[PDB]
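Below is one structure, written out as structure tokens; the observations come after it.
FYI, the numbering just counts along the sequence from 1. All values below come from the heavy atoms of this structure, side chains included, with hydrogens, waters and symmetry mates left out. In listed order, ligands and their atoms are each counted from 1.
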Amino acid sequence: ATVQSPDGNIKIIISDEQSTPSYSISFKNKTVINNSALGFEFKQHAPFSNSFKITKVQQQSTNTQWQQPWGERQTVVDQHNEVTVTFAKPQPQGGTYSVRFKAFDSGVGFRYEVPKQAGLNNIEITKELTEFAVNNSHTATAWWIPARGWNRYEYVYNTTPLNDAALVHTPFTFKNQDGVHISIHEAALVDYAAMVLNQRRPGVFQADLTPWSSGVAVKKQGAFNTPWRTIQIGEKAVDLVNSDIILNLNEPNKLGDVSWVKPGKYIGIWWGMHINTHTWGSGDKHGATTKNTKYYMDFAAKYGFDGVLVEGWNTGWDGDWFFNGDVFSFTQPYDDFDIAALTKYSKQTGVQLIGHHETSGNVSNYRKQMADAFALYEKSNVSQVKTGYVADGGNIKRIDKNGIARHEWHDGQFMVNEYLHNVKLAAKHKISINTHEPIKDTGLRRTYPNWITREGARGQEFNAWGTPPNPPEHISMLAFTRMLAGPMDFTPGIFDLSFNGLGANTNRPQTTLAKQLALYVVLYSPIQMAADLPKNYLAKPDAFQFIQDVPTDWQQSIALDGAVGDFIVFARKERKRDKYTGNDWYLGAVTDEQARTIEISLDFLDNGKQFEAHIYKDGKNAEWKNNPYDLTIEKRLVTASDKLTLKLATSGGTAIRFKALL
Ligand SMILES: [Ca+2]
Ligand SMILES: [Cl-]
Ligand SMILES: [Cl-]
Ligand SMILES: [Mg+2]
């Protein structure tokens, strides 16, 4: 069986000639994915592996578009060819299953659909046999983070030959010697275990499902489908970025009217604890006090921020909060945090309190309190909650039905279901969720638009204490790996880079000031933090104006140029909403440890309109180690026929507001 992208450049061949069912993929008539196996093994049920033959293919196609409630673009185009391939094996130990393939111009998705059949009752998958066999893997280069490690998704990216990537998380991005870029991920991860990629024979990446503590991967009753497995393929790195395949593979919005989900910018009592000017726990330096929260709310109201995150408001942080998962209350504030007074103040200022639920990995202590916790927040006019699951890999703690503690993975079926339960319950209270230590993004924000963002990668917080902090290349890695999954709460915008001393050997963002501004356009999220202390923004009002101006919701987004681990340039057009007319464009560019010159055409600007570019760029002598603050701000009249030379300092960047003129 064969299915091709609409333009014909991607071609998938599905076969039954090998030991098992298999597929392969060519791009512009060069094989990029060799024969790759399909099937399952189960704990007790007979395997779905060899001796299955193709009995039927069903071809169809799609050419449609749909609108996002919020996002990186307003209109999403869905154009693909589709084939459902049915496999059958005769008895004894026979069976049948289908695989559905969708071929887009930017990549392919496939999933298994196992129908009701005699003897398929309560089953437990122990292995998914799916492979991604990369052709010419000996000359390919990969950019990856290890899977199953003690620190979950929070690793800096490795740059290695593809054959060195032994056990990796997705999105898993690499390029072959021809320059073709490929990224493997998954979409609509629902009631199933996350896929890790395990390199077997060289270049053969086998699905490695994250298991329950008991050792099985996925529990199902009867007929079941898998999540989609996705293979993005493009001639350029930015072709991976500019694809909507992950969203297109998810089910449409199930929450109805989601106008109560509000993209916007926020600040927080947060960074002070990470740089040790405040504590999460009670005492003389407690961050989460009524007085401090009102001070942040006044600042937010004055400078145009929608909400104030406050961490450490609830009892249980005293001591070493990493070990306090059993004792957190999600309804009882500390005595110095007057939530009723802050509810009144939020209505008086128009600035909302943003809630915070850190579990330190104990999800049963959270689950038992969750209904009361969201009721309190709904009563308190709280519309967004940041959740947290800080614990080492494999050390989620749950209490089973017999009262016995078990350890689970953040990305097993158990936690996949746990996260979605939290999001669905929050939606009943009109609360949106920002998940730290999450399951990776698989596009479910389409289906549940209150799941607005997540962390699931090293963000700004590692620049306070990472030892070492994130390297200069980190953003340009994220843009082509983690960010292919969906939005990230990076918490950009640190203006005081000197709190631990300057130079290359201290814990600090290893960037220039202009790169901190560029992050607001480079890293998409519907909510963007201005992460720093308010007084640090008051010290730099001209630079702060960009953060005040920049939206977080976009009618269109275009990655204009870039290279993995080196640089990226984004242009985005604001969505018409709230104070934004919908006419302004924004640009952000960042580099790695190297200074870089990038030539950019402005032909993305609307034809026939004049713009005033407000350009925030590295000063002539800027360099991140000892001169990160040199900054130039320039105004320049431009149109679509103009061009721009970006001059990025070492770990530098540029941020631009293109203000449409009447
Ligand atoms: Ca974290
Ligand atoms: Cl994580
Ligand atoms: Cl960084
Ligand atoms: Mg580089």
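The Ca ion (ligand 1) is closest to atom OE2 of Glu437 (considering only N, O or S atoms). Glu154 contributes OE2 as its N, O or S atom closest to the Ca ion (ligand 1). Within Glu455, the N, O or S atom lying nearest to the Ca ion (ligand 1) carries the name OE1. Within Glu461, the N/O/S atom positioned nearest the Ca ion (ligand 1) carries the name OE2.
Annotation for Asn507 and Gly466: closest pair OD1-N, 3.5 Å, computed over non-hydrogen atoms.
Relative to the ring axis of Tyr629, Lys540 places its NZ or CZ within 45° and under 6.0 Å from the centre.
Interatomic distance, CD of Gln352 versus CG of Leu309, reported as 13.0 Å (0.5 Å rounding).
Although no hydrogens or angles enter the test, the distance criterion places no donor-acceptor pair under 3.5 Å between the side chain of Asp208 and the main chain of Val196.
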